[PDB]
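Presented below, as C-alpha cells, is a lone chain in the form deposited in one PDB entry.
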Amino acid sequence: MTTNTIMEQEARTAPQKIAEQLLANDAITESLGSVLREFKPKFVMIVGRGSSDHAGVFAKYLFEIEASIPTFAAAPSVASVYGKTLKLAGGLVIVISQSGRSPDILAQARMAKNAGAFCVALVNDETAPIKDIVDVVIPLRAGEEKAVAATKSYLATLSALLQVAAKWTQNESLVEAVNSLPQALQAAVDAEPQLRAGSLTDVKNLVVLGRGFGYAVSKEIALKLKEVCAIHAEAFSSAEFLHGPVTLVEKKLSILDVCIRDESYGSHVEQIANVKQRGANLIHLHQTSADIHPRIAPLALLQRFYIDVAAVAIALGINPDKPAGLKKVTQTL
C-alpha cells in the first residue's frame, strides 16, 4: 500500500464487497431473471450519469452480446428539459445511480415508469428517493462510497449487471464468470502496479483506446484521468479512432491501451499496431491474469487501474478523495 487516500482503501475493499453483493443478491437476481425471461424486453434503456453512464455502456455490450437485445443510454434532457414522454411499453429501463438523488435521473425514471416500462434500479444508497419510483431495486451493497471518485460502486454496478445477465440468460459461461469474479478481483488487487505517474508527467491530454468491453472500461478510465489527475483524457473505439481523430497522432499523442483478452483481442491489437506504426507513444494497461474469464477481465483491469491511479493522483498533487470543485452527489437537470 502506498497512498493514504480514502480512494485506494475503498478500491482495495471492492473484491470482498462484490463477493458479499453476489451472495446477498443471488435470490433477487434469480427472481429478476425469471421475470425477464417471461417479459421478453424489446430493448434495454440505461439511465445514468458519470461513471453510471459508463456502466451503462458496459451493460450495452453485455446485453447485446450475451442476450442479443439492443441496449442504449437514455438522454435525460428529453424528459427533464423538453418535457417529452417516450414510448417505452415493453422495454426494460435500468436506472443506475450510487447516490440516487440527481433530479434529471429521477425525472427520467419517473417518465419511464409513466410510459409503462419495466423499471429496475441498481442503487447503492438504499435510502435514495429512486427506490420509490422504480419497480424492483437491486442493492449494489458496496457500502458508503466516501471518496468523490467512484471505485467500489462502479465495480459493484458491473457485477450487479453481470449477475442479472447470468441469471436472466442462464448462459453457463456467464454464470462461471460471475462465480469467478470475486477471486479475479482479489488477484487483481494483489498484482503488481500497472500505471505510474512517471508515464503521465507533462501530459495534459490523452486518448484511451479500447474495443468492445474494453471500450466501455476506457470511458471510465478517461473520466478518472480527468477527475483525479486533471488530464484531458478521451476514450475511443479503436475502430472509430481511425475515422478522423488519428490526425492528433501526428501531433505527438499519448495513447493508453485497454487490452482485454476477449474476442475483440485480434482486432484491437491490430488497430493498436496500426496506431503504433503511425507514431504514437503507448502505455499498455492489461488484465492482471491471462487465466480470467473474458467477460471478467474488463473489471480486473479496472481494479488495478483504480489503485494505481490513486497513486498517480497523489504524485501529481491532486487529492483524489476531494478533487477540486467536485462533490460525491452532483445534481443537474
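All residue numbers refer to positions in the sequence shown, first residue = 1. Throughout, rigid core stands for the largest set of C-alpha atoms superposing within 1.5 Å between the two forms.
Missing here is the form deposited in another entry; even so, the following discussion is about that form.
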In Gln271, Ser51, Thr288, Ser264, the 2 Å or greater C-alpha shift between this form and the one not shown, rigid core superposed, occurs only at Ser51
| query | Does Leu316 move its CA by 2 angstroms or more between this form and the one not shown when the core is aligned? | reply | yes
Working note: in the other form the C-alpha atoms of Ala75 and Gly50, off by 3 Å or more, come closer
Checked in the other form: CA of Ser51 to CA of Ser68 differs by 3 Å or more, atoms lying closer
